[PDB]
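Take a look at the letters that make up each chain.
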Amino acid sequence: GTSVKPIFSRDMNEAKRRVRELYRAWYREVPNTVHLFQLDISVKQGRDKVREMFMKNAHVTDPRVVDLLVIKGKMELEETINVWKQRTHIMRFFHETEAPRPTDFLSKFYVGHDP
Amino acid sequence: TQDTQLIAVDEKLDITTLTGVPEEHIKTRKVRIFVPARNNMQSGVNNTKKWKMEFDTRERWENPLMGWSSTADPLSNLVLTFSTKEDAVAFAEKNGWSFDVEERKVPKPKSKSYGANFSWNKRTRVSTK
Amino acid sequence: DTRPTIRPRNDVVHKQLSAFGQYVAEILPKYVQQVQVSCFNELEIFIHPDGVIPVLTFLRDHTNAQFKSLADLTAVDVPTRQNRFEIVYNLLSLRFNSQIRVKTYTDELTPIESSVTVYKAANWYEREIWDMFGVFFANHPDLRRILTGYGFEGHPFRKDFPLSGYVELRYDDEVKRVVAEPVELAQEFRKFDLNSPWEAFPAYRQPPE
Amino acid sequence: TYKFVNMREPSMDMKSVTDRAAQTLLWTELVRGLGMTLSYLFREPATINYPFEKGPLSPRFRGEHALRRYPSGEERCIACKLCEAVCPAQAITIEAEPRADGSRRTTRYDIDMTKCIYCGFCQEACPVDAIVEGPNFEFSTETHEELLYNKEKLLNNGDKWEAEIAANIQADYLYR
Amino acid sequence: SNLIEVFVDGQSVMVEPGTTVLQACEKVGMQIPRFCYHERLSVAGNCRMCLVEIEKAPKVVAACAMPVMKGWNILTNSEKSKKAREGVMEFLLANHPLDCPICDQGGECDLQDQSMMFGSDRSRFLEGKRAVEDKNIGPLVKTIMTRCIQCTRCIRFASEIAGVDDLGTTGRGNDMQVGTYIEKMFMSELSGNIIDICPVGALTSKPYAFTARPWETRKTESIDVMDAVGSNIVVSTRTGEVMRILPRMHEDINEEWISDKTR
Amino acid sequence: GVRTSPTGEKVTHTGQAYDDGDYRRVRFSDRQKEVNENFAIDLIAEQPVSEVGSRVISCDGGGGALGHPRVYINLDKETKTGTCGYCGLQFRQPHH
Amino acid sequence: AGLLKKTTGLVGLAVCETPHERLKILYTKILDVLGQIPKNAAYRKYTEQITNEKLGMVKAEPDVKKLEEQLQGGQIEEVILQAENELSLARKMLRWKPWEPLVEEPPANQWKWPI
Amino acid sequence: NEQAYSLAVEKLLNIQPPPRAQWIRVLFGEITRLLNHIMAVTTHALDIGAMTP
Amino acid sequence: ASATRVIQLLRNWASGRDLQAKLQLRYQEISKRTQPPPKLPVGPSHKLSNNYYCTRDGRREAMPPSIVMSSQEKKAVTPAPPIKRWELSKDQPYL
Amino acid sequence: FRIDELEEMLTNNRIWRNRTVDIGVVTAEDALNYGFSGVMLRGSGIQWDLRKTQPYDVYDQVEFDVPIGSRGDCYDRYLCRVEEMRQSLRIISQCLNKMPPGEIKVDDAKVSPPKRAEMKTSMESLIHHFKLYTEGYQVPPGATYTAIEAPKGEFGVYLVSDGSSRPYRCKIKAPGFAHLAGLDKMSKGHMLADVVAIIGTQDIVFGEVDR
Ligand code: SF4
Ligand code: SF4
Ligand code: SF4
Ligand code: SF4
Ligand code: FES
Ligand SMILES: [K+]
Ligand SMILES: [Zn+2]
């Protein structure tokens, strides 16, 4: 039950290590993917998107889950590095065409039936 | 007996971030599990023998063209089957959807006898067949 | 004859396959869990995950088994069972022409060891499962996404995944590119309620409780 | 049984080697193909003068959907919605109603031609031969909305291609 | 106590004395196809689809009204039982009119489902069928009495459940017609429930009459608010629109019936 | 019969007619609202009432196999005319 | 063997001009490897049975063409190829050790397939 | 492909097609084989350069 | 869409064959497109007697997969008897 | 008379062979482990064909030879395809000469729609057609892997049905998937014109590999 099989990491410390050089690679990547892909993104506003995506899954505490996010980010890194990904997919993280979505209950009531 | 470097992991699964469901669909959506009541137009029974999960219905507007039933939530015509309610609730929590539980209503077995159609004094005597 | 519509029954192949099933069950009792042969003469072997490499090798190498062809490799997601995903390996023999099937189980996270070495055809098939069910494969040479679009999410063949997906893409002149947008159908998929409430096959009735 | 395709190894006598050397040097199989293509040049060109001449067809041809009607003029569709439950692409949509006369005709009957995959499942599903696919294929349109048909458009299709559909059904109902 | 052991096609179960055979079979999970017996209504043994073979017994017995006895392995899947079901349905499905595309019961007809499961695949009826003139019994129930099978469920519902004993039978033989003889006005508060007890489309819902084939409408559970009883119901909605309200089984609130006002 | 809307549009056999404001009428400007004139409501009414003299009458809709499934309507009620649900021809006893 | 066959017909392997001694040496090696395998294992019984049978027939009949006929394994080249594979299998699962009882039962109902 | 799918389906159902159905199936599957081999060879020659075949 | 004999002999010699026996064209030899109404036959179970579906159902006559071995001196057995060797082509063994 | 006509243009031509002969060899042993099928196997030299070894339908009663490759190269596979054309013509003749008299669909109406005559006259046919086109034939629970000799290669379906009117999971084994999986080992030093000569007898349509 509680006992389970790991993917790579044994404890939160080593998975915490893997996300470390994943962020390493993303940092060293962002500028030259901006240069290579002719991005309209800027360098700083490239890095902070990586930071916000890394902070998005802050709640995760199961190790195996952390290995899963790290290997999926690894696949993301390969897709970006050797130009298999395309500029549109890179922009996909930045929500340009997506209109701003209200947050307060009052605006939700004004717009339509939705929780 | 199955040595694969086993580790006690007490907290429940959080595969939510793995499933790729968007944040508002994993948070706002409320799913209920239930045994679907049989269609009263039918006497068939083998449709209330499974645990199905379905999600809250959302906006259904009519498109300008033919008044179709265009909708926005993808998880509207999505129903999942399960043998026992424990499997369904485990799936619900591990995925991360706020879940609601309804107990499996079953017909009470009633004593039925054809000899009740006729009687000497009881009111149960029928008046026509 | 008397049964011109019913398919012919070949009991000889059935008995012979059952004999080979007892054979393979005796040879590898460590990983084999349950072997059975279907009515239409198709044998299936239910093995523990740790036997993905050993059993396959025994089926790929043994003189009296002689299976070297990976017909296909597939996962069948079923959310009910505790380990939802089940992986099916389909093998075909050449010297002893026949089709065998071995089936293992895994959940979303517990990895299942990647065959590849036993059958180098599995590789691409292997990737599909990872890219289509979330079943990660241990030490697979390159487990990158194979089928779906770039930067995708989830694993579509999961039965919880909606039919229409989550996000489409289309031209936007405001940004002069194809952009991804949350789903908004022009007409919703009508889900018909088939499967009449009357029992079809008394033979396969689930026992009560 | 089987046949080996390429085991015809050559001999090595003086005649055979001279022939092979001549074929390699004095290009012969090259000339063989060069003369075959010449034979095809002088032949009768296979070409149909569209649109003056059209390709051969069959009475079973599946094309534009249409709603037929009885000889009395009444539409055959009783809105059983079998065709809607059959269309694999779900291109058919019906809303029924008790008409003023009473006969349960369709308030709405639209086929999304851009969703349709032209299978002929609807006609074989129809128990009154109401929905059918006419022999017309010449309905390439300019706007996407032009393709999305309506009940009135289907009725007009059944009233324009009608002698066609009646003749084809008369020549095909025995097969089906 | 008094629980008597009764086998069903093999495995045995504990059965209360006086229990009908069909309830004993239901105790295991396999269900006798039926048209005359409703669980909350009196039994009549009329459809004869409840026939089943008793092990070492010459003639088949009706599982609807049969007090089960000691032992008595119920051969549900016996060849004689299948033949009896086949013949009884062939008789049922002889004069049935060709209205399946035009009858609202289509797709949830019961009779259609039993034909799919336990029935033939071809008709040897070489003669003409029977037609019965329609008797109007309201703006609330559509009446096509040529489709009726004389299962007597409507009559027993009128007598016991509603209490308005006006729905009966007339004549004899194959010309027996179930109706009201007089052009009477069946206007009880529970009349609409006859729409859901009629196995065939002989009685249907007039307000909903041919608005949607019921294999499309999604079903969502809810509670009636027209009355303080709060009867459990199911709303059948297609394409973002409410079509009809059907009763849900609760056994504590509304059994499986609702008022015409609620419906 | 086809009749014109107060705006001017041709009503359909179902009764559809876009109202006065009804912004969804720009679709028809520079185009036409396709309506079929051969109304099925009235094209079945003028058909003669068949006077076949028997209690129960078969109807396939004409054309044999090409018609609708064979239905047996009942020519019993003296106060009205029986009709096949599929086609719609009104059958009646020849005044008994 | 008379005129040695030019090609076996399968391009993945060539002709062994001295096949009998190859059968002998490979069979002896795999018999040794099975001698390693503990007696109680059913694998050793079955494979020793088939291999000692095969060695008996190959050392009995010295004509290659009849060797393929009573060996029912096609051309002798794919036969020694399969013998090498059998050696490899026995060696590889020497330390896999499958003769032990099952590692553990499947979890509850993991094989019933009416859902 | 239709032959494959159909054969799977009525293999599940323990049903065999009538003999004429089998003969039509094999005849049209072989016509399909001719079609597909023509595809392969002709389009291959197109890639290599040959346009006439 | 036949030709002149002068061209007819030129194409045949260039093609090295007698192609007039059959051209890629298709002349009047085609099947007529107004065939008489075919009376289609029936199947085996078309009789009105002894056609009980109980003795003819195929789906109902399907048992669950027969369990062989479950987790809850025989010789060696092969999945199939070794496949034989095909024969060479009698017509054209080698192309 | 046109199959041979194509042959004469391609078979003995200098540059058709030179561009294609002995480019991208595939070893017979390494072919079957890679999951290769169809002519890809037959080109290399393994005598295997589902039409003969596992005869589905009436393929067993049909007499035909298969073309078996010699060198396992591109040219051998092309010749195998053409000889398959010719054996296809012979098979066509055989089935054309001996088609029997009988119905077209299984007589059991519960699985195949009834004929339109009994549709409009008989109750049973009407109900069966209504349910068949409304619900369909509910399939008994079970999983099958059905494989046939599609012209590309062996084509298979893993169809697993839960026991209702709808399937539970169908998987497509397309002959081109394992082919493209092995396409890396297929060309390991040949030129770009060679890789495009390879994807030809690789005969990979991108409609079934991609699913
Ligand atoms: S051919 Fe007709 S029935 Fe079939 S998908 Fe297209 S519109 Fe629907
Ligand atoms: S199947 Fe025919 S009759 Fe039924 S709804 Fe469709 S078109 Fe109308
Ligand atoms: S009630 Fe009668 S007409 Fe209606 S679907 Fe059932 S059998 Fe057909
Ligand atoms: S009218 Fe309906 S409920 Fe009454 S007897 Fe006939 S079928 Fe049964
Ligand atoms: S239950 Fe046997 S007839 Fe009604
Ligand atoms: K009813
Ligand atoms: Zn009529």
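Structure shown above.
Scoring rules and cut-offs
- Residues numbered from 1 in each chain as written, not as in the entry; some residues may be left out.
- Chains lettered and ligands numbered in written order.
- Part of a larger assembly, values for the part shown.
- Heavy atoms only, no water.
- Near = heavy atom within 4 Å.
- Nonpolar A, V, L, I, M, F, W, Y, C, P; charged D, E, K, R; others polar.
- Donors = N, O, S within 2.8 Å, 3.2 Å for Na, K, Ca; no water.
- Helix = DSSP H or I, 4+ residues; strand = E, 2+ residues; numbered from the N terminus.
- Buried < 20%, exposed > 50% of the residue type's maximum accessible area, 1.4 Å probe, protein only.
- Contact = heavy atoms within 4.5 Å.
- Salt bridge = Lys/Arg side-chain N within 4 Å of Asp/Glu carboxyl O.
- Buried area = accessible area lost by both parts, 1.4 Å probe.
- Polar contact = N/O pair within 3.5 Å; in protein donor to acceptor, adjacent residues only side chain to side chain.
- Pairing = 2+ DSSP bridges.
- Axes fitted to C-alpha atoms, helices over the stretch in contact; angles between N-to-C directions.

### Section: the site of ligand 4
Move 1: Every residue near ligand 4 is listed here: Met145(E), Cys148(E), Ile149(E), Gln150(E), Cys151(E), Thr152(E), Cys154(E), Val178(E), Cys198(E), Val200(E), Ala202(E) and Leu203(E).
Move 2: Split into classes, the residues belonging to the shell around ligand 4 amount to ten nonpolar, two polar and no charged.

### What to know about the coordination of the potassium ion (ligand 6)
Residues and elements named next belong to chain E.
Move 1: Protein coordination of the potassium ion (ligand 6) is provided by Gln105 (OE1), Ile195 (O), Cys198 (O) and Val200 (O), with donor distances spanning 2.6 to 3.1 Å.
Move 2: Site description for the potassium ion (ligand 6): donor spacing in sequence, Q-x89-I-x2-C-x1-V. Here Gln105, found in the loop between α2 (79-92) and α3 (111-117), pairs with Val200, found in the loop between α5 (194-197) and β9 (203-205); they are 95 residues apart in sequence, far enough to count as distant. Of the two residues examined, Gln105 and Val200, each falls in the buried class.

### Looking at the side chain of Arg34(E)
Move 1: If you trace the backbone, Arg34(E) turns up in the loop between α1 (21-28) and β3 (51-54).
Move 2: Beyond its immediate sequence surroundings of up to four residues, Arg34(E) is in contact with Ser43(B), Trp198(C), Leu22(E), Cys47(E), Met49(E), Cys50(E), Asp110(E) and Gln114(E).

### Description of the pattern of salt bridges
Pairing between side chains of opposite charge can happen when the charged atoms of each approach one another.
Move 1: Scanning the entire structure with this criterion turns up 88 salt bridges over all chains.
Move 2: The partner of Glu78(A) in a salt bridge is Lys74(A), and the shortest N-O contact between them spans 2.5 Å. Taken together, the residues span about one helical turn, with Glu78(A) and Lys74(A) both in helix α3 (residues 63-81) at a distance of four residues.
Move 3: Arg122(E) is paired through a salt bridge with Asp121(E); the nearest N and O atoms lie 3.2 Å apart.

### Some points on the interface of chain C and chain B
Interface size, as often reported, equals the accessible area lost upon joining of the parts.
Move 1: In this complex, chain C contributes 31 residues to the contact, which on the side of chain B involves 38 residues.
Move 2: Summed over both partners, the interface of chain C with chain B buries about 2,800 Å², with 55% contributed by carbon and sulfur atoms.
Move 3: It is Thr80(C), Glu188(C) and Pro197(C) in chain C that bury the most area against chain B; as a group they hold 22% of the surface buried on that side.
Move 4: Linking chain C to chain B there are two salt bridges.
Move 5: For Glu108(C), the salt bridge identified is with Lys94(B), shortest N-O distance 2.7 Å.
Move 6: Linking chain C to chain B there are eleven residue pairs in polar contact.

### A few points about the pairing of strand β3 (residues 92-96) of chain D
All names here are of chain D.
Move 1: Across the five residues of β3, five count as buried, placing the element largely inside the fold.
Move 2: The side-chain alternation of β3 yields two buried faces, one formed by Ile92, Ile94 and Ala96 and the other by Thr93 and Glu95.
Move 3: Sheet topology places β3 next to strand β4 (residues 106-111); five bridges connect them, and they run antiparallel. Bridge pairing links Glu95 to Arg108 in β4.

### A look at the interface of chain H and chain J
Move 1: Between chain H and chain J, the residue contacts involve 38 residues of the former and 52 residues of the latter.
Move 2: Contact between chain H and chain J buries roughly 4,400 Å² in total, counting both sides, with carbon and sulfur atoms accounting for 75%.
Move 3: Per-residue buried area on chain H facing chain J is highest for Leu12(H), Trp23(H) and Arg33(H); these three make up 18% of the total on that side.
Move 4: Along the contact surface separating chain H from chain J lie one salt bridge.

### Topic: the sheet that holds strand β5 (residues 98-101) of chain B
All names here are of chain B.
Move 1: A sheet is described by the order of its strands in space; here four strands give the open sequence β4-β3-β2-β5, paired in mixed fashion. Both outer strands of the open sheet, β4 (80-82) and β5, are each paired with one neighbouring strand and no more. Each adjacent strand pair in this sheet contributes to an overall mean axis angle of 25 degrees, direction not counted.
Move 2: For strand β3 (residues 51-55) and β4, the ladder comprises three bridges, and the chain directions are antiparallel. The residue bridging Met53 from the neighbouring strand is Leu80, located in β4.
Move 3: Contacts from helix α3 (residues 85-95) reach β2 (30-34), β3, β4 and β5, with the element oriented near 135 degrees to β4.

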